[PDB]
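Chains A and A' are the protein sequences, given in the same order. A prime marks a further copy of an entry chain. For what it's worth, the entry's author numbering labels the leading residue of the first sequence as -5, then goes sequentially. For what it's worth, the entry's author numbering labels the leading residue of the second sequence as -5, then goes sequentially. Cβ coordinates follow ideal geometry from the N, Cα and C atoms, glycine included. Have a look at the structure below before the remarks.
Number of protein chains: 2
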Amino acid sequence: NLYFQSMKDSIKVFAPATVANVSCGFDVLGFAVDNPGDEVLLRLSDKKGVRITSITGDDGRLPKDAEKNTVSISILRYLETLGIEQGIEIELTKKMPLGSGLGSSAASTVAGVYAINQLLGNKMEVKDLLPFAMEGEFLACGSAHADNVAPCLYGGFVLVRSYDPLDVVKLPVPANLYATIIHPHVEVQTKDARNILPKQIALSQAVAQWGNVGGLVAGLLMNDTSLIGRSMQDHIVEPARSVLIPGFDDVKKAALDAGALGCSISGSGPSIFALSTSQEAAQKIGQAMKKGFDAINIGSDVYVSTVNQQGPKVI
Amino acid sequence: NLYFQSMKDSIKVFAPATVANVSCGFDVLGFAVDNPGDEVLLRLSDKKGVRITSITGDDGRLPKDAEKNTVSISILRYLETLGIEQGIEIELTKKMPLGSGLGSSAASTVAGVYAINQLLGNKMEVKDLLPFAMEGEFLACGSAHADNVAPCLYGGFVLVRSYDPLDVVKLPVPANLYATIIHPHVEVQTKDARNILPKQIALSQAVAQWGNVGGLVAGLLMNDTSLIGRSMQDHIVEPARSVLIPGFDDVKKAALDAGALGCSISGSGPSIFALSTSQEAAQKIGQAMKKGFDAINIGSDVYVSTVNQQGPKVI
């Protein structure tokens, strides 16, 4: 005795940028922010196949071929799993720069999967879309990051406890916790940010790090601020990668002098994030980081928000 | 308009065994149990100096010389810090075996420091006794373990977020969480358990581990059981040390088949602990571990308790 149906034959979804690693939690912590993000539009087609109609905000850098593109691969797999024969056209709009360290590929992929699922009448739980977004990323870029993908899809702050099997845990965070993201207008390759990591690390360095990861998780779950500040030390990854990011040391120091809880590389960079406990503090942190990059003549965009609990959004 | 004074010129304190490492949290997680533990008796003396009168349960293995013994060093330092000239005799009773992986040296040291502080009228906060217990351990055994000492002194379950500076965090744990400890009657050296650890580990192994440490901390703070089970995997330390512990693999398997949440080496071994969610489960886990060591003709003692929130205790 209820009927709902949608007459829409198209849908537009927005999916948010995410900050991965979050200082000491390399490969295991990530959270979503409000901006920026990507948009995906899907229309139903009587003509078969998943096809890419158009890509914008791209500089023609992304694969137009459907079997090479992350979004089309994801959607194709979803349709195959459910045994649906349905034509789909995709228009993709990048509202964020690629290789920025902000989970760009993830946002597109999550946008597509979320989109297809809602458009075809919510046949799967949002929870269960994660693997498709993962396989999509894996098949396209040879490499999937759950600490980008999970918070992007689920919203909020996430611990990726294991990759195999995929074990993801959403954590509460204090409501007055703000993230300032600065994205410099320069491109550090993801490739060089991977290669530069050590293959081996000292046990005592690892212990120092997993102490901190525990300190950070406890600090968030318990709404304690002072513990988070002290726990946001990264002794392994940031010292290796920071050489790739122009002005990193000055920018970090400027954020800490402006009163940040802590500050590190976002994902694989060159973006940098800082945490603070109010929107006055977050803004002046953003202003001081901007002033760091300006002093070396590098253009920059600043974003300020609390953790985005929504995740993707129909627009 | 209040007077309290104690006429006692002696005091006896008991301090509990602790379980360090707790699976994946090598050097950073530890918790206290009810039994076993050590006892320290202190008397005031008109004759000067801190002196050891007697040691029991020892096999004469412990240093009788006051400048070589962990308990007397600790107490001497405490007295010096506060600028007190007071003679003290110490009688020490080991109610637990040495090098058992149960924080034996820690218990003695914590017992002494707690004792002296209460006996001389509580001049310091319990909180502030930790460094003295640390310096004591360091000067005597050349090596101090906060993940034994802190939970011993403070009670409960502890995260040691950093050693320098010393950053300790007490965490809540579910009230129905039980620990079964089995101590085999065989001695694995602490020396060989240190030397056998890798000096270097792969980054991907470290990541796997700090994911787990986060998974465990979140699991305890959130009273989730299933997450703790999955988070208690140690891919670095236990595989290296378990060769030193006779029957380890069979004993672990027997605990897991009896329904343990998880099971690993306690501190540096040869003791083994398992976690479960009821006192029926903890007991049958204990029985199955005992049966593992009996089958290789090694004597064993089993202890079962919830996490000891009290810490030291005047007796």
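Given this structure, state the Cα-to-Cα distance separating residue i from residue j, to the nearest angstrom.
{"i": "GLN303 of chain A", "j": "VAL162 of chain A", "result": "16 Å"}
{"i": "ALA187 of chain A", "j": "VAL167 of chain A'", "result": "39 Å"}
{"i": "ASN29 of chain A'", "j": "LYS89 of chain A'", "result": "9 Å"}
{"i": "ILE222 of chain A", "j": "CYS146 of chain A'", "result": "25 Å"}
{"i": "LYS117 of chain A'", "j": "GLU79 of chain A'", "result": "14 Å"}
{"i": "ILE84 of chain A'", "j": "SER236 of chain A'", "result": "37 Å"}
{"i": "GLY205 of chain A'", "j": "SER156 of chain A", "result": "6 Å"}
{"i": "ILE190 of chain A", "j": "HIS177 of chain A", "result": "21 Å"}
{"i": "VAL22 of chain A", "j": "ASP158 of chain A", "result": "13 Å"}
{"i": "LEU36 of chain A'", "j": "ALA234 of chain A'", "result": "41 Å"}
{"i": "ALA169 of chain A'", "j": "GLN112 of chain A'", "result": "29 Å"}
{"i": "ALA212 of chain A'", "j": "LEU165 of chain A'", "result": "10 Å"}
{"i": "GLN194 of chain A", "j": "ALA196 of chain A'", "result": "4 Å"}
{"i": "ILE290 of chain A", "j": "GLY305 of chain A'", "result": "56 Å"}
{"i": "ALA109 of chain A", "j": "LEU76 of chain A", "result": "15 Å"}
{"i": "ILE82 of chain A", "j": "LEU38 of chain A", "result": "5 Å"}
{"i": "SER258 of chain A'", "j": "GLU129 of chain A'", "result": "29 Å"}
{"i": "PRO192 of chain A", "j": "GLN203 of chain A'", "result": "16 Å"}
{"i": "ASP122 of chain A'", "j": "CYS18 of chain A", "result": "29 Å"}
{"i": "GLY97 of chain A'", "j": "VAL104 of chain A", "result": "49 Å"}
{"i": "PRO91 of chain A", "j": "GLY261 of chain A", "result": "14 Å"}
{"i": "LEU133 of chain A'", "j": "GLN277 of chain A", "result": "49 Å"}
{"i": "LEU215 of chain A'", "j": "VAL308 of chain A'", "result": "30 Å"}
{"i": "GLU33 of chain A'", "j": "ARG55 of chain A'", "result": "17 Å"}
{"i": "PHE(-2) of chain A", "j": "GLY149 of chain A", "result": "27 Å"}
{"i": "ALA127 of chain A", "j": "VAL296 of chain A'", "result": "48 Å"}
{"i": "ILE5 of chain A'", "j": "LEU(-4) of chain A'", "result": "23 Å"}
{"i": "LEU114 of chain A", "j": "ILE46 of chain A", "result": "18 Å"}
{"i": "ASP40 of chain A'", "j": "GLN183 of chain A'", "result": "40 Å"}
{"i": "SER294 of chain A'", "j": "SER0 of chain A'", "result": "42 Å"}
{"i": "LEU160 of chain A", "j": "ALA268 of chain A", "result": "28 Å"}
{"i": "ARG224 of chain A'", "j": "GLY253 of chain A'", "result": "13 Å"}
{"i": "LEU210 of chain A", "j": "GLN281 of chain A'", "result": "38 Å"}
{"i": "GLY51 of chain A'", "j": "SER220 of chain A'", "result": "40 Å"}
Residues of chain A' with CB closer than 7 Å to the CB of residue i, please, in chain order.
{"i": "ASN206 of chain A", "result": "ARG155"}
{"i": "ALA196 of chain A", "result": "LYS193 and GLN194"}
{"i": "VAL22 of chain A", "result": "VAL201, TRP204, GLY205 and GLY208"}
Give the C-beta separation of residue i and residue j to the nearest angstrom, bearing in mind that I take them to be a contact with Cβ-Cβ under 8 Å.
{"i": "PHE25 of chain A", "j": "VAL44 of chain A", "result": "Going by Cβ atoms, the distance from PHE25 of chain A to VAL44 of chain A rounds to 30 Å, so no, they are not a contact pair."}
{"i": "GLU131 of chain A'", "j": "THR174 of chain A'", "result": "Going by Cβ atoms, the distance from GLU131 of chain A' to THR174 of chain A' rounds to 27 Å, so no, they are not a contact pair."}
{"i": "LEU124 of chain A'", "j": "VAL154 of chain A'", "result": "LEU124 of chain A' to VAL154 of chain A', Cβ: 11 Å. No contact."}
{"i": "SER272 of chain A", "j": "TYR172 of chain A", "result": "7 Å"}
{"i": "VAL301 of chain A'", "j": "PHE151 of chain A'", "result": "5 Å"}
{"i": "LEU255 of chain A", "j": "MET226 of chain A", "result": "7 Å"}
On a CA-only basis, which of the options is nearest residue i? Give me that one, please.
{"i": "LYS42 of chain A'", "options": "A':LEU35, A':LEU70 and A':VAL301", "result": "A':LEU70"}
{"i": "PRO10 of chain A", "options": "A:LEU215, A:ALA101, A:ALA134 and A:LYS247", "result": "A:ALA101"}
{"i": "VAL120 of chain A'", "options": "A':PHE287, A':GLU131 and A':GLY106", "result": "A':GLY106"}
{"i": "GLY208 of chain A", "options": "A':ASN15, A':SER299 and A':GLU83", "result": "A':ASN15"}
{"i": "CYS135 of chain A", "options": "A:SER68, A:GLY115, A:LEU114 and A:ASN111", "result": "A:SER68"}
{"i": "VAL180 of chain A'", "options": "A':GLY263, A':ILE5 and A':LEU160", "result": "A':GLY263"}
{"i": "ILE49 of chain A", "options": "A:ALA60, A:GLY261 and A:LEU171", "result": "A:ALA60"}
{"i": "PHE242 of chain A", "options": "A:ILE292, A:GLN(-1) and A:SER299", "result": "A:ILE292"}
{"i": "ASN217 of chain A", "options": "A:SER270, A:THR47 and A:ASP52", "result": "A:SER270"}
{"i": "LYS185 of chain A", "options": "A:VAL27, A:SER220, A:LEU238 and A:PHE126", "result": "A:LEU238"}
{"i": "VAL231 of chain A", "options": "A:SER0, A:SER220 and A:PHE20", "result": "A:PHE20"}
{"i": "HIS229 of chain A", "options": "A:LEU114, A:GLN199 and A:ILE46", "result": "A:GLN199"}
{"i": "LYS58 of chain A'", "options": "A':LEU86, A':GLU74 and A':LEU73", "result": "A':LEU86"}
{"i": "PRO240 of chain A'", "options": "A':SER220, A':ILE266, A':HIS139 and A':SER66", "result": "A':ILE266"}
{"i": "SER99 of chain A'", "options": "A':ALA282, A':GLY253, A':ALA138 and A':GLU74", "result": "A':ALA138"}
Can you list the residues of chain A that residue i reaches, using a CB-CB cut of under 7 Å?
{"i": "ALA26 of chain A'", "result": "The contacting residues do not exist; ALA26 of chain A' stays about 18 Å from chain A at best."}
{"i": "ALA212 of chain A'", "result": "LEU153, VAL163, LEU165, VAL211 and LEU215"}
Which chain A residues sit within Cβ distance under 8 Å of residue i?
{"i": "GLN203 of chain A'", "result": "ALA200 and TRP204"}
For a contact meaning CB atoms closer than 8 Å, what does residue i contact in chain D?
{"i": "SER225 of chain A", "result": "In the structure shown, chain D cannot be found, because the protein chains are A and A'."}
For residue i, go through chain A' and note every residue whose CB falls closer than 9 Å to its CB, in chain order.
{"i": "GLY19 of chain A", "result": "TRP204, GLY205 and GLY208"}
{"i": "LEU221 of chain A", "result": "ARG155, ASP161 and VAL163"}
Would the segment 284 to 291 of chain A' and the segment 241 to 255 of chain A' be scored as touching if the rule is three or more Cβ pairs under 8 Å? yes
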